[PDB]
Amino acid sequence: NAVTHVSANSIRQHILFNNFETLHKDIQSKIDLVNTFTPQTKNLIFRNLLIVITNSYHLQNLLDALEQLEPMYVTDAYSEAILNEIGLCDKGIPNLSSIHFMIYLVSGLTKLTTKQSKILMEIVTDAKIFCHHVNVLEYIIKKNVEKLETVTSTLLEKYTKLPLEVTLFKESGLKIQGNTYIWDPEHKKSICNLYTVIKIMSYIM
């Protein structure tokens, strides 16, 4: 079941996201950027970010510090540690690639809802389950990202054997009951932002 869906809001989000290959190449370009970090840097960033996302206020100040190159704006020691690691600090030199990467990832995280941030904290404790969320969402996006339509469809039964916290997807506008979902292009930016965040996080965990 599909119906053409043209509003200004669906058009905007279709201009941003209409081609899975392009989206996936953009994500790969951020992941190869991660491959420039040492494992201790990746570890420090990943673990500190999981604490920062417990408080939207501190996460916003981290984003402002990154975007304005102004370490004075952070309001917590976990964000401060991130800035110290990438050189945005006294006696540091801010590393251009790392700043760009962190702006991208932190901006994506500020778009999550409180419930999504709480779920992310839960699912990161099991890498198989975390990756399963990534894989299921990737499949839905690959199937629907080119469509300027509201689509009702089902997941392959093979994608339903490991557990999911489907509220993670519902908070981005992907309605789900059982194995059936409704893809609405008015929520495409939220869904693709969520996928970009969890795809990238899976590579730093």
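One-based numbering along the sequence shown.
- Select between 170-178 and 62-70 the stretch whose C-alpha atoms have the higher average B-factor in the entry. Looking at the record's C-alpha B-factors, the answer is 170-178.
- Out of 72-80 and 90-98, which stretch has the higher average CA B-factor listed in the record? That would be 90-98.
- In terms of the CA temperature factor given in the entry, to which third of its chain does residue 52 belong: lowest, middle or highest? Middle third by C-alpha B-factor.
- Message: Going by the CA temperature factor in the PDB record, which third of the chain does residue 6 belong to: lowest, middle or highest?
- Response: According to the entry, residue 6 has a C-alpha B-factor in the chain's highest third.
- Tell me, lowest, middle or highest third: where does the Cα B factor of residue 22 rank within its chain? Highest third of the chain for residue 22's C-alpha B-factor.
- Message: Ranking the modelled residues of this chain by C-alpha B-factor as given in the entry, is residue 133 in the lowest, middle or highest third?
- Response: Its C-alpha B-factor belongs to the lowest third of this chain's values.
- Ordered by C-alpha B-factor within the chain, which third holds residue 116? Give me lowest, middle or highest, please. Within its chain, residue 116 is a lowest-third residue by C-alpha B-factor, going by the deposited values.
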